[PDB]
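Below: the structure, in structure tokens.
Cβ atoms come from the backbone with ideal geometry, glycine included; neighbour counts cover every protein chain shown. Just so it is clear, none of the values below were taken in a lab; they were calculated from the coordinates.
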Amino acid sequence: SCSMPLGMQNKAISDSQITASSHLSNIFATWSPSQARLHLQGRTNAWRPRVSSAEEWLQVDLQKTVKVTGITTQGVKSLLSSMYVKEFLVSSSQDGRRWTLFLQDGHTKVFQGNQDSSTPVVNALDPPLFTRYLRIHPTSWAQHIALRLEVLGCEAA
């Protein structure tokens with residue numbers, strides 16, 4: 001049903017394929033883009049931008065055209081409790097330079113994301129994307145932006 005994980009949880013998507021607008025890093029911690037993997041545990045187990053604004057994004061380069069049918073999101077809990085993205089936008093690209101915002105009924109689609117730190121939330125993409133690159137744009141969050149992600153889809157051919 002073209003809904004299988006594309007490699008965030010299982011590392012078929014390598015660390016170098018995951019980038020972001022910024023990430024939170026200092027002399028203690030590193031919430032790197034490549035930590036944005038569904039169900040990841042261990043230290044600093046999510047992507048966090050350096051500051052939480054509505055201009056941040058997490059990018060995945062799938063390295064080939066894929067039929068992308070869904071996106072799964074999760075937050076994270078740290079010492080300062082629960083952080084999660086409540087709402088987000090999606091954009092996509094074939095070349096990584098020109099980006100197309102995902103729409104519903106001709107208007108920007110706001111996806112409803114998480115309401116806690118650990119439960120995964122699956123969002124279908126209808127119409128599906130035939131694309132190489134994806135960006136997640138947080139627009140509402142609890143405490144701070146933090147994300148663990150899976151991308152769902154299949155090889156079109």
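Residues checked against (1) closer than 24 Å to residue 51 by Cα; (2) of a type in the set (D, E, K, R); (3) not in a strand (DSSP E or B):
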residue	(1), (2), (3)
70	no, no, no
73	yes, no, no
83	yes, no, no
87	yes, yes, no
91	yes, no, no
95	no, yes, yes
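Pull up region 29-43, narrow it to residues that are in contact with a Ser or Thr (Cβ under 7 Å, 6 or more places away or on another chain) and surrounded by fewer than 18 Cβ atoms within 10 Å (Cβ to Cβ), then point me to the one that is farthest from residue 9 (Cα to Cα). Restricting to residues being in contact with a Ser or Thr (Cβ under 7 Å, 6 or more places away or on another chain) and surrounded by fewer than 18 Cβ atoms within 10 Å (Cβ to Cβ), the top hit is 29. Against the definition (of a type in the set (D, E, K, R) and either under 14 Å from the mean Cα position of the chain (by Cα) or buried (at least 17 other Cβ atoms within 10 Å of the Cβ) (or both)), how does residue 155 come out, yes or no? When the stated conditions are applied, residue 155 does not pass them.
Within region 4-27, is even one residue surrounded by fewer than 16 Cβ atoms within 10 Å (Cβ to Cβ), part of a strand (DSSP E or B), on the phi < 0 side of the Ramachandran plot and β-branched (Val, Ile, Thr)? Scanning region 4-27, I find no residue that is surrounded by fewer than 16 Cβ atoms within 10 Å (Cβ to Cβ), part of a strand (DSSP E or B), on the phi < 0 side of the Ramachandran plot and β-branched (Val, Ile, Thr), so the answer is no.
Number of residues in region 52-102 that are surrounded by fewer than 21 Cβ atoms within 10 Å (Cβ to Cβ), closer than 26 Å to residue 142 by Cβ, of a type outside the set (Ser, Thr, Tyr) and out of contact with any strand residue (DSSP E or B) (no Cβ under 6 Å at 6 or more places or on another chain): the value is 4.
In summary, residue 98 fulfils each of the numbered conditions (1) touching a residue at least 60 places away in the same chain (Cβ under 8 Å); (2) of a type in the set (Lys, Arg); (3) out of contact with any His (no Cβ under 9 Å at 6 or more places or on another chain) with the single exception of condition (1). For beta carbons closer than 7 Å, sequence separation of 6+ or different chains, a first residue in region 110-136 that is touching a residue at least 40 places away in the same chain (Cβ under 8 Å) and part of a loop (DSSP other than H, G, I, E, B) and a second that is surrounded by 17 or more Cβ atoms within 10 Å (Cβ to Cβ) and of a type in the set (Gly, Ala, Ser), the qualifying pairs are 114/75; 116/75; 116/82; 117/75; 117/82. Against the condition touching a residue at least 12 places away in the same chain (Cβ under 8 Å), more than 15 Å from residue 151 (Cβ to Cβ) and out of contact with any helix residue (DSSP H, G or I) (no Cβ under 6 Å at 6 or more places or on another chain), how does residue 68 come out, does it pass? Taking the combined requirement at face value, the residue does not satisfy it.
As an exercise: evaluate residue 66 against (1) over 15 Å from the mean Cα position of the chain (by Cα); (2) closer than 22 Å to residue 152 by Cβ; (3) not in a strand (DSSP E or B) and give the number of the one condition it does not meet. Looking at each condition in turn, residue 66 falls short on (3).
Scanning region 138-152 for residues that are surrounded by fewer than 21 Cβ atoms within 10 Å (Cβ to Cβ), not β-branched (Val, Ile, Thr) and not in a loop (DSSP other than H, G, I, E, B) yields 140, 142.
For region 17-51: of the residues being among the polar types (S, T, N, Q) and more than 15 Å from the chain's Cα centre (by Cα), which is farthest from residue 156 (Cα to Cα)? Checked region 17-51; the qualifying residue farthest from residue 156 (Cα to Cα) is 26.
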